[PDB]
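In case you want the letters, here they are:
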Amino acid sequence: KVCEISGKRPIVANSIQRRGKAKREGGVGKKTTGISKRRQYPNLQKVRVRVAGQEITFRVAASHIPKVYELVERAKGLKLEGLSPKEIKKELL
Amino acid sequence: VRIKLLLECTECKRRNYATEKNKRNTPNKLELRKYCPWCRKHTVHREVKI
Amino acid sequence: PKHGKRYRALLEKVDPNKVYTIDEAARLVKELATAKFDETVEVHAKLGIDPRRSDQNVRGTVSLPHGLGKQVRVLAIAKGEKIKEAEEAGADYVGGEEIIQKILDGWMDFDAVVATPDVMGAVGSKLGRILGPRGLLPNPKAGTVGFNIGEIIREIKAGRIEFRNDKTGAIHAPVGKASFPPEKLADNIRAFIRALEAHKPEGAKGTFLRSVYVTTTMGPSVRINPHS
RNA sequence: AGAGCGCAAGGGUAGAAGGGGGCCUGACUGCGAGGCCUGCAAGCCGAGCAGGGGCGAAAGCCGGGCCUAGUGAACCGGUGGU
RNA sequence: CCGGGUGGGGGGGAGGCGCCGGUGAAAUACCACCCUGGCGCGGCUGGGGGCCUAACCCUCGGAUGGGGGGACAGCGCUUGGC
RNA sequence: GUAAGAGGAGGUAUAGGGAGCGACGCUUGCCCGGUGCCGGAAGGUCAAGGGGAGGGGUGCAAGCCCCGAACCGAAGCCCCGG
RNA sequence: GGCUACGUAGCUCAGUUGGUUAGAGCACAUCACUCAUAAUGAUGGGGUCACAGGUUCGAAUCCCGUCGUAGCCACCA
């Protein structure tokens, strides 16, 4: 999907595993010639951290969790009261 | 056919070339035939490589 | 008691974690010979060539730019005319084709043999069960096939050295003679290094200069930076 | 000349191409006059020239085999050199 | 390898051993390295097992939690097969 | 169904799904050689991977980039039998 | 191509880190034992250890060189 931190959304088609077959040199070539096309899309995960007055979940990138706990850190700096789940969660950043 | 195969002689005294054929099956141990190189007159020549 | 008393003192001199190099080896390992007489510097040299490789076990034929001084006497079976050459060199009873039985009919006192290529054939066939096998007969590169192998009689009198691989390259350089001090030791060992790098295989990976152990003959030895 | 002349046969040959010995290594290098052939392309023939080499007393022959079959342009890449 | 070797504890004591000779491929105190197989550790590097829960998955009258599984599963990326 | 989830099924191995023959009565024989399929903590070849002996370009050097051995890396196919 | 295992008596099969003294059952052989075949026992012929090479004083017992046999990966302008 789309990570709720620094974007990071899927990649298609001429994104890749291609198959290919490629070329190099191992005779007349590794296998010489050879070629094809495919597909590839990012990681995401879950961080349901407490923080402040209530509980809140997160859809985090494959290397952006420290940024989440940092978001927690900045969050503490202000006033976080009232029963407001994603509403507080959004107010954060 | 490879049995007669194909091999190439080269002069001693650094490189030089001339193209030939063999016959490993026939009593063909090693060859050191006498020919002429690009540089200078007729000299030595040794057999090497495929 | 295990390695003797002498070697326990001469154990507290090794500190089995050292190098010395041809320098400190020449000097301190000159010292390391307090047992008897002329201990042979035994440069014990080990590398890696798969203890046969059909034809990769050196041969190394060296006189070490100084001199051993022991004996071989050569004996030789140098077909009359060749005898004459050996007659000016160091060769006891050069017997062209008849002292063969003063080797084969059990009468030792010799080494090397030098002989000739001619008799090589002949005399190689008769004694190829003691001399050759155990170490003497020709080995057409051990200073034992030729007439210019009498100049080599001189070379052997000054020192043959035989370097072979056996099971570990191993070879024992034999000078030192515990009567040579720093000088002769230095230049002898360095010379052996030169011959070591003279005879090399045709594609043997690994370390063509691990084990050096330059032991006199009775004691410590720990390497020489196997290079310097 | 029905023998042989590697292999199929044709053509050819004992005024040698056949078979015996001696020295060798011209299955040479840089070029190729001018012709065979022909849709192109590829194939076929070779004088002479110059470098040096082998045999020959010499005159001289030699750029593989008596010839016609034994072959695959190019694109790609291996390998040694310039 | 059933023949001795290798090691320690001790009695006790001024006495005990190595070459050639002999045999065979080789001569056997001692010294140098290495190999064979082994054993203990140190540098690197893996296979396999148990437990805990706090990742993550489930579930129970609101559950901040209780109970189960648990670093497997689920998932992202890359690897080769089918 | 890319997916959330959906049915299966708020059913639980006398139940849910896939194939052959087709009530019922008699009955269903040999072949594991090829192949599908079950299983198996020795092993053969191989992926990325781990690793780093060894090589090279270059800078005075410190350094950086690239090549890469021994040997340890699965699924699988070979393998062993049902 | 790369790496693996193997190829020894007419038949099929062991001896494999040496060193000795190269086997086993079938089969061929003249006998032996049974009154009688067969059962089994004995003596011989057949190895030229996939071929050479090299290590060793001394390999079928190890490295190396060629092939046949097979197996997986993997190459083919």
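X-ray crystallography is the method the PDB entry states for this structure, with the resolution given as 3.5 Å.

Enquirer: Looking at this model, I keep getting lost on the overall build of chain C. Mind explaining?
Expert: Scanning chain C from N- to C-terminus turns up eight helices and two strands. Counting helices and strands in the order they occur from the N terminus, chain C gives α-α-β-α-α-α-α-α-β-α. A compact globule built from 228 residues would reach a C-alpha radius of gyration of about 17 Å, and chain C, at 19 Å, matches this within 12%. Once the C-alpha set of chain C is aligned to its principal axes, its extents read approximately 55 × 40 × 35 Å.

Enquirer: I would appreciate a short explanation of the environment of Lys13 of chain B in the present structure.
Expert: Residues and elements named next belong to chain B. Structurally, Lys13 can be placed in the loop between strand 1 (8-10) and strand 2 (18-19). Note on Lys13: relative accessible area 54%, which makes it exposed. The residues touching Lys13, leaving out its near neighbours within four places in the chain, are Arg40 and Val44.

Enquirer: Explain the protein's contact with RNA strand D to me, please; I cannot follow it from the model alone.
Expert: In the neighbourhood of RNA strand D, the contacting residues comprise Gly27 and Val28 of chain A together with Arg15, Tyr17, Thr19, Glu20, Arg33, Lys34, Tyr35, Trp38, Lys41 and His42 of chain B. Within 4 Å of the protein, atoms of RNA strand D come from sugar and phosphate in 89% of cases. In this structure, a sugar or linking oxygen belonging to RNA strand D sits 2.9 Å away from a side-chain N or O atom of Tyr17 of chain B. Side-chain polar atom of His42 of chain B to a sugar or linking oxygen of RNA strand D: 2.5 Å apart, as the coordinates give it. When its residues are assigned to classes, the surface near RNA strand D shows four nonpolar, three polar and five charged.

Enquirer: Sorry if this is basic, but what is going on with helix 2 (residues 21-31) of chain C here?
Expert: Residues three or four positions apart in an α-helix share a direction because the helix packs 3.6 residues into each turn. All names here are of chain C. Every buried residue belonging to helix 2 is among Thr21, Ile22, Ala25, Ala26 and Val29, and all of these are buried. Angularly, the buried residues of helix 2 cover 155° about the axis, an arc narrow enough to put them on a single face. Looking at the packing, one finds that the buried side of helix 2 touches helix 8 (181-198).

Enquirer: Please explain the protein's contact with RNA strand G as it appears in this structure.
Expert: With respect to spatial proximity, the complete set of residues near RNA strand G consists of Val28, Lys30, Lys31 and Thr32 of chain A together with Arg52, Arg53, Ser54, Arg129 and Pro133 of chain C. Protein-proximal atoms of RNA strand G, defined as those within 4 Å of the protein, fall in sugar or phosphate at a share of 92%. The separation between a sugar or linking oxygen of RNA strand G and a polar side-chain atom of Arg52 of chain C is 3.2 Å. Contact distances for RNA strand G include 3.1 Å between a sugar or linking oxygen and a backbone N or O atom of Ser54 of chain C. In terms of residue class, the surface near RNA strand G is built from two nonpolar, two polar and five charged.

Enquirer: Whenever I open this one, the sheet that holds strand 1 of chain B confuses me. Can you help?
Expert: In a beta sheet, neighbouring strands pair by backbone hydrogen bonds and run either parallel or antiparallel. Overall, antiparallel pairing links the three strands, which are arranged 2-1-3 (chain B) in an open sheet. The strands lining the two open edges of the sheet, one partner per strand, are strand 2 and strand 3 (46-48) of chain B.

Enquirer: Please explain the nonpolar core as it appears in this structure.
Expert: When a protein is soluble and globular, its nonpolar side chains tend to lie buried together. Residues and elements named next belong to chain C. If you look at the biggest cluster of nonpolar residues, it comprises 30 residues, and the most contacted ones within it are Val43, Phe192, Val214 and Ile224. Sorting the residues of this core by element identifies helix 2 and helix 8 as the ones contributing at least two each. Look past the residues within four positions of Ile224 in its chain and what remains in contact with it is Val19, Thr21, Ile22, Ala25, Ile189, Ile193, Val212 and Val214. Residues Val74, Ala76, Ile83 and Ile153 belong to the second largest nonpolar core, which totals 15 residues.

Enquirer: Please explain the environment of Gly53 of chain A as it appears in this structure.
Expert: All names here are of chain A. Here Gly53 lies in the loop between strand 1 (45-46) and strand 2 (59-60). For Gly53, a relative accessible area of 47% puts it in the partly exposed group. Sequence-wise, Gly53 and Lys79 are 26 residues apart; in three dimensions their C-alpha atoms are separated by 9.6 Å.

Enquirer: I would appreciate a short explanation of the arrangement of the chains in the present structure.
Expert: Between chain A and chain B there is no contact, and the shortest C-alpha to C-alpha distance separating them is 16 Å. For the non-touching pair chain A and chain C, the nearest C-alpha separation works out to 23 Å.

Reading guide: rules and limits
- Counting of residues begins from 1 for each chain and follows its sequence as written, which need not mirror the entry numbering; any residue without coordinates is not displayed.
- Here chains are named by letter from A upward and ligands by number from 1 upward, in the order in which they appear as written.
- Part of a larger assembly is shown here, and the values speak for that part only.
- Side-chain numbers come from the whole structure's heavy atoms, not from hydrogens or water.
- Put simply, DSSP marks the helices as runs of H or I at least four residues long and the strands as runs of E at least two long, and each gets a number from the N terminus on.
- Throughout, the radius of gyration refers to the C-alpha atoms, and the reference size of a globule is 2.2 Å times the residue count to the power 0.38.
- Using a 1.4 Å probe on the protein chains alone, a residue whose accessible area is under 20% of its type maximum counts as buried, one over 50% counts as exposed, and one in between counts as partly exposed.
- Whether two residues are in contact is decided by their heavy atoms, any of which lying within 4.5 Å being enough.
- Think of it this way: one heavy atom of a residue within 4 Å of a molecule or strand is enough to make that residue near it.
- Between N or O atoms, a polar contact is any pair within 3.5 Å; within protein, one atom must be a potential hydrogen donor and the other a potential acceptor, and residues adjacent in sequence are included only when both atoms are from side chains.
- Side-chain classes follow a simple rule in which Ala, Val, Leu, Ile, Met, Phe, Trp, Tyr, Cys and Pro form the nonpolar group, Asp, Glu, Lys and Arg form the charged group, and the remainder, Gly included, forms the polar group.
- To obtain the arc, one takes the directions from the helix axis to the C-beta atoms.
- Two strands qualify as a pair provided that DSSP identifies no fewer than 2 bridges between them.
- Here the nonpolar core consists of buried residues drawn from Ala, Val, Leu, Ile, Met, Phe, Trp, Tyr and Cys, with membership extended through side-chain atoms lying within 4.5 Å.

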